[PDB]
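Line by line, the protein sequences are chains D and A. According to the authors' numbering, the first sequence holds residues 2943 to 3081, 3088 to 3337 in order. For what it's worth, the authors' numbering labels the leading residue of the second sequence as 870, then goes sequentially. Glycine residues also receive a C-beta, built at the ideal position from the N, C-alpha and C atoms. Read through the structure below, which is laid out as structure tokens, and then see the notes.
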Amino acid sequence: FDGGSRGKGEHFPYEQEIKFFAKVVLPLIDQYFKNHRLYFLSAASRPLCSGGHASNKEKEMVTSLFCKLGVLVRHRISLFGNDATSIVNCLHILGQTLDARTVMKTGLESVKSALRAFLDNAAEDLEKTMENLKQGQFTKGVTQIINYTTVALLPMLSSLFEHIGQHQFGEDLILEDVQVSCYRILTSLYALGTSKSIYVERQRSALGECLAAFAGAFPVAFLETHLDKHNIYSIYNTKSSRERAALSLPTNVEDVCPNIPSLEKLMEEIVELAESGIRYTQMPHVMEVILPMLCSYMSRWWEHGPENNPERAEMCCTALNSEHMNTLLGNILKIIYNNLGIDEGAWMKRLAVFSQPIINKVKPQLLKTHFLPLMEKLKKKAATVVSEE
Amino acid sequence: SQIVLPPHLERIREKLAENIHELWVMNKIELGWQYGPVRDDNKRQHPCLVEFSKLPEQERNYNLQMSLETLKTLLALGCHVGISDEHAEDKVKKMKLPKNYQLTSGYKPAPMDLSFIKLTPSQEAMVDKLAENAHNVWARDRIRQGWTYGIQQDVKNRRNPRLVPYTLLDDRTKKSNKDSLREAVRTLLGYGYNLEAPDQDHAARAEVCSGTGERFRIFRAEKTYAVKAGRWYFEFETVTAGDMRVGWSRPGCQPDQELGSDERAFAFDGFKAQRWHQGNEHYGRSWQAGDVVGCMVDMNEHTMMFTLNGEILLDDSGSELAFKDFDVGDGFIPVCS
Ligand SMILES: Nc1ncnc2c1ncn2[C@@H]1O[C@H](COP(=O)(O)OP(=O)(O)OP(=O)(O)O)[C@@H](O)[C@H]1O
Ligand SMILES: COc1ccc2c(c1)CN(Cc1ccc(C(=O)O)cc1)CCS2
């Protein structure tokens, strides 16, 4: 149809096939996988004692179906019309249902290549959004690409990375070419978050969820990259200068993330944030995107921290602590306290949702007589006539 | 009954026979033993590297039969072994081998580069099954001979110290047999006949192997201690983690019926994180070993609550009430299953 769209075939004969697909096949997939998600996520572990576990070939077919649906949805939301929501929801539910561990351990090379190519295509589309959004705001291909991104790529990637982080599939999936593609995706997400442009503040949020999900999912501490040698799962510690030369790398540990500053730099930024007293409207990107990334990073990297690992504490890639957590959360509630009176929005609620994992993580001894300020402010501000929360 | 000879191994049975002979002699000589004049236990020497006149023909037959039994057991495991390439003989090349390690029997040793072959955990599992099965076959043969288990070797009374299940076997002997058989499997892989073997998926096992008369035991307080008014509390420490229920029961609760399957008991089950009364509903969390569950009942307001390690357990909704509506009746007593 795309080959002969402008040709003699303006009316494609296969209306029956197209209608049957878009009206039955997609919603059936969505509902079936929503109902039987536990069957496909089953493994050697037995969550569902009654039902059996999906076969390895079964999970291979699930991954193949997800990859094929992604290939279909690439750059064709406008041609799908109003069904694009249906296709993206099917991709969402399939992404939850995937079992990357078993797929990588015993999977078809075609399926593995399809997954790698899907991730590489996501990275390439993000780079195309880079190159056109930069000096493309004056000016269609650019409009189609940006619509495709903002509609599908952010939800798809966010859902997939949330699943990967929740099931710790990153150590089994994100490696070699997959890992360099994820590096490109991370650089792209950070550049979109940091950059200022009308198309950016029109979709700041979805970038926020996608980037936070990626931060949770990625198996390398990109923030505290100085402790690179300790991590065993990094390309810089596994597959060496020969493959630096073979496939292109930034070739420097600190240059792998040129636009991404260091963890201590972001910590200092958030400390003098709300203390320098700058306006929300000047640079809204930190409390909307960066703090979610910090929270996801700490939530993922706590258990690898030195205070959680007294054994070989010198052999840890990350150096987070409960004092880091309480300082960052203190900066969070200082920001909300200084910004609740003016510039009201749902972004405070979204930030609180994003920070829910860290307040769950923190020990209740601090909750005593440290979050007492939190509850007293949250009640005195809610003491208004209309009640909430 | 199911055993058949695999269809491409007829003409190769001989070559496999002398191949197993080669593995047997090389394994015997590189287990640390060496050719000697006379057989002694303290000498740790193997004088049997001599002409076939004295060499046990029964031992030769045992070697051949255990080789064929080994291959029959791999085919029984589902290993539809495949012929890959003849090029194994071309690829195998003689490394540097010392004069002492060189066999004086006259045959040329063929120690191959066994390091680079990566043993996939599936073949490790079949190796475990091969060890178990070979040990079982040996035990069966000894029992047919009349051997019986003992603390130490007694030839007069035919008491064997090693006659125990392989799972409980001593480390040294199981390690020795295990390395011998991994060497055998690795030599088969070196000749290149690849193991097209199935994978043993995890199978659910009910694990209930107690007396058929009882799948559970119920402990309760006396009927006369039933409380009908007030706020009462007790504790239940779980030394293990598994099928256990704790709660409050009517005086008429049956002992042979599971707690919470009827109207006579209100229970909490931490194995599946559920609450039980006339049915099953999700509630609370799952305990672990050493966890203490505190059960509270309030007969004034007709409510029940459960706490795990101090923290109050709550159902899908935000309520902390495991059970909120019940008639006082004849009272409640602490109970567990
Ligand atoms: N006919 C045989 N010839 C050589 N080795 C055997 C024979 N039968 C079994 N084996 C294996 O050899 C190991 C011990 O070597 P050895 O032959 O000295 O013992 P054995 O004479 O077979 O006595 P046992 O049957 O008690 O092991 C045993 O683990 C056994 O599995
Ligand atoms: C008892 O004369 C024999 C007869 C046959 C063989 C051996 C010794 C040498 N063996 C080593 C061996 C010996 C004894 C034990 C044991 O039972 O402790 C285990 C392994 C390999 C099998 S060929």
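Check residue i in the structure and name its three-state DSSP category.
{"i": "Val1033(A)", "result": "coil"}
{"i": "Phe1201(A)", "result": "strand"}
{"i": "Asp959(A)", "result": "helix"}
{"i": "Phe2963(D)", "result": "helix"}
{"i": "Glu1150(A)", "result": "strand"}
{"i": "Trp1145(A)", "result": "strand"}
{"i": "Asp3125(D)", "result": "helix"}
{"i": "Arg3260(D)", "result": "coil"}
{"i": "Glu3292(D)", "result": "coil"}
{"i": "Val3013(D)", "result": "helix"}
{"i": "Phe3302(D)", "result": "helix"}
{"i": "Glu1180(A)", "result": "strand"}
{"i": "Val3168(D)", "result": "coil"}
{"i": "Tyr1018(A)", "result": "strand"}
{"i": "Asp3025(D)", "result": "helix"}
{"i": "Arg2948(D)", "result": "coil"}
{"i": "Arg3150(D)", "result": "coil"}
{"i": "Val894(A)", "result": "helix"}
{"i": "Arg1100(A)", "result": "strand"}
{"i": "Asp1167(A)", "result": "strand"}
{"i": "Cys1122(A)", "result": "coil"}
Is residue i near ligand 2, in the sense that its beta carbon is under 8 Å from a heavy atom of that ligand?
{"i": "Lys1047(A)", "result": "no"}
{"i": "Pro925(A)", "result": "yes"}
{"i": "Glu928(A)", "result": "yes"}
{"i": "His890(A)", "result": "no"}
{"i": "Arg1028(A)", "result": "no"}
{"i": "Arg1031(A)", "result": "yes"}
{"i": "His1071(A)", "result": "no"}
{"i": "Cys917(A)", "result": "yes"}
{"i": "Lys884(A)", "result": "no"}
{"i": "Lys912(A)", "result": "no"}
Hey, would you say the C-beta of residue i is under 8 Å away from at least one heavy atom of ligand 1?
{"i": "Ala1003(A)", "result": "yes"}
{"i": "residue 1256(A)", "result": "Because chain A here runs from 870 to 1206, residue 1256(A) falls outside it and cannot be looked at."}
{"i": "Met935(A)", "result": "yes"}
{"i": "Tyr931(A)", "result": "yes"}
{"i": "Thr1042(A)", "result": "yes"}
{"i": "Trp902(A)", "result": "no"}
{"i": "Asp1010(A)", "result": "yes"}
{"i": "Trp1117(A)", "result": "no"}
{"i": "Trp3250(D)", "result": "no"}
{"i": "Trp1016(A)", "result": "yes"}
{"i": "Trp1145(A)", "result": "no"}
Short of 7 Å in beta carbon distance, which residues of its chain neighbour residue i, apart from the five on each side in sequence? Order them along the chain.
{"i": "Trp902(A)", "result": "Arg913, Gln914, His915"}
{"i": "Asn2998(D)", "result": "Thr3044, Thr3048"}
{"i": "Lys3311(D)", "result": "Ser3270"}
{"i": "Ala1098(A)", "result": "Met1168, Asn1169"}
{"i": "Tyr1060(A)", "result": "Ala957"}
{"i": "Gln3313(D)", "result": "none"}
{"i": "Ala1110(A)", "result": "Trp1156, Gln1157, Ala1158"}
Just grab the DSSP bridge partners of residue i for me.
{"i": "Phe1105(A)", "result": "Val1162(A)"}
{"i": "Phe1192(A)", "result": "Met1173(A)"}
{"i": "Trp1117(A)", "result": "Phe1135(A), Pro1203(A)"}
{"i": "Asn1063(A)", "result": "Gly951(A)"}
{"i": "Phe1088(A)", "result": "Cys1205(A)"}
{"i": "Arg1028(A)", "result": "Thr1017(A), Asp1023(A)"}
Give me the Cβ distance between residue i and residue j, rounded to the nearest whole Å; I'm assuming they're in contact under 8 Å.
{"i": "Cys3243(D)", "j": "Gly3253(D)", "result": "So it is not a contact: roughly 15 Å between Cβ atoms."}
{"i": "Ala979(A)", "j": "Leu1050(A)", "result": "That pair is no contact at about 19 Å."}
{"i": "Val1108(A)", "j": "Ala1158(A)", "result": "7 Å"}
{"i": "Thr3039(D)", "j": "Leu2983(D)", "result": "7 Å"}
{"i": "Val1161(A)", "j": "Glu1106(A)", "result": "5 Å"}
{"i": "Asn3279(D)", "j": "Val3219(D)", "result": "6 Å"}
Within the same chain, show all residues whose beta-carbon is closer than 8 Å to that of residue i, passing over the 5 residues directly before and after it, in chain order.
{"i": "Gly905(A)", "result": "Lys912, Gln914, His915, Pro916"}
{"i": "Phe1192(A)", "result": "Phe1135, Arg1144, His1146, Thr1172, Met1173"}
{"i": "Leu3288(D)", "result": "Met3296, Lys3329"}
{"i": "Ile1020(A)", "result": "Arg1028, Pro1030"}
{"i": "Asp3125(D)", "result": "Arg3058, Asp3062, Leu3195"}
{"i": "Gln1123(A)", "result": "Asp1131, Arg1133"}
{"i": "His3272(D)", "result": "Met3215, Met3246"}
Between residue i and the rest of its own chain, which residues show a CB-CB distance below 6 Å, the 5 nearest in sequence each way excluded?
{"i": "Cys948(A)", "result": "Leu1064, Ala1066"}
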